[PDB]
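One chain follows as structure tokens, the form deposited in one PDB entry.
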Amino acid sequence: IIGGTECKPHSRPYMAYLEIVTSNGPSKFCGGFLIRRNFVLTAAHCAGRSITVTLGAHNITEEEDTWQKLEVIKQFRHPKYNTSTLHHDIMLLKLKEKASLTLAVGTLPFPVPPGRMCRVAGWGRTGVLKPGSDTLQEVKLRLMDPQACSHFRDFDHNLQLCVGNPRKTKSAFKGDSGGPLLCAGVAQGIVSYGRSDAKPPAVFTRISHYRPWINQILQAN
């Protein structure tokens, strides 16, 4: 998160930190969010060989009594996800055990016009050449007209949101993928991708489009 501020600890109790084991070498990380006691939503490009989810975290290097660290038993990557276009950059993760709903760990509710102010949180980089943040950060970003994302060749307004005033430096960035975009307290987007140089806007998956797909997975599992 670029241009934001450290969250009040445990104030965003749906936030999930994902550690992803890859085929070769060290793990990668992403954000995500708890939507049912045993399901986390994130981005498809965060998939790997295995995933551990940490809920209840603030400083991801400081274990606390609030932590719930759970293995993923099934990755449900959207079946039309494509790495050329990054369309359908959404994945559901079924957890091996159900999370306990506590003050520090909870689910994010679901229910959006351009111009409105939204919020996004994550442990990603706090600048183009900065490391990821040990602490959860959040930033307020403007939902833009889709025209603002015209320079993204594969932008599709039916599938995606265009997020972040281009005249500011505030943005989601690397490591924030998978985290939710909240507008008026409900999930509207998922961080997907943006420019390598971090200049906003960035592209978010439009959750509303995927509600039927999500619901079918949830109903079956």
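Quick note: we count residues from 1 along the sequence shown, nothing fancier. Rigid core: the largest C-alpha set superposing within 1.5 Å between the two forms.
Visitor: Tell whether, across the other compared PDB entries, at least a third have no coordinates for residue 171.
Guide: It is, since residue 171 is left out of at least a third of the other entries that model both flanking stretches.
Visitor: In the deposited sequence, how many residues between residue 111 and residue 112 have no modelled coordinates (none, 1 to 3, 4 to 9, 10 or more)?
Guide: Count of unmodelled residues in between: 4 to 9.
Visitor: Do the C-alpha atoms of 113 to 121 or of 79 to 87 have the higher average B factor in the entry?
Guide: For C-alpha atoms only, the mean B-factor is higher in 113 to 121.
Visitor: On average, which has the higher Cα B-factor in the deposited entry, 197 to 205 or 16 to 24?
Guide: Here the higher of the two C-alpha B-factor means belongs to 16 to 24.
Visitor: Going by the entry, which of 58, 36, 157, 167 has the most elevated CA B factor?
Guide: Max CA B-factor in the entry, restricted to 58, 36, 157, 167: 167.
Visitor: Quiz for you: based on the deposited Cα B-factor, which of 139, 128, 105, 93 is highest?
Guide: When the deposited C-alpha B-factors of 139, 128, 105, 93 are compared, 128 is largest.
Visitor: What third of the chain does residue 175 rank in for C-alpha temperature factor, lowest, middle or highest?
Guide: Middle third by C-alpha B-factor.
Visitor: Taking the values exactly as deposited, rank residue 152 by C-alpha B-factor within its chain and report the matching third: lowest, middle or highest.
Guide: It belongs to the highest third of the chain when residues are ordered by C-alpha B-factor.
Visitor: Within this chain's modelled residues, let me know which third the CA B factor of residue 45 belongs to: lowest, middle or highest.
Guide: Lowest third, going by the recorded CA B-factors of the chain.
Visitor: Would the CA B-factor of residue 66 place it in the lowest, middle or highest third of its chain?
Guide: Middle third - that is where residue 66 ends up once the chain's C-alpha B-factors are sorted.
Visitor: When the deposited Cα B-factors of this chain's modelled residues are ordered and cut into thirds, is residue 161 in the lowest, the middle or the highest one?
Guide: According to the entry, residue 161 has a C-alpha B-factor in the chain's lowest third.
Although not depicted, the form deposited in another entry is the subject of the following passage.
Visitor: Listing 94, 119, 130, 98 as candidates, which single one shows a C-alpha movement of 2 Å or greater between the shown form and the other one when the core is held fixed?
Guide: If I go through the list carefully, the shifting residue is 130.
Visitor: Specify closer or farther for residue 70 and residue 132: how their Cα atoms are spaced in the other entry versus the shown form, given a shift of 3 angstroms or more.
Guide: The answer is farther, because the C-alphas of residue 70 and residue 132 separate from each other in the other entry by 3 Å or more.
Visitor: I want to verify one pair: residue 28 and residue 132. Are their C-alpha atoms nearer or more distant in the other entry compared with the form I supplied, knowing the change is 3 Å or more?
Guide: Residues separate in the other entry, at least 3 Å farther apart.
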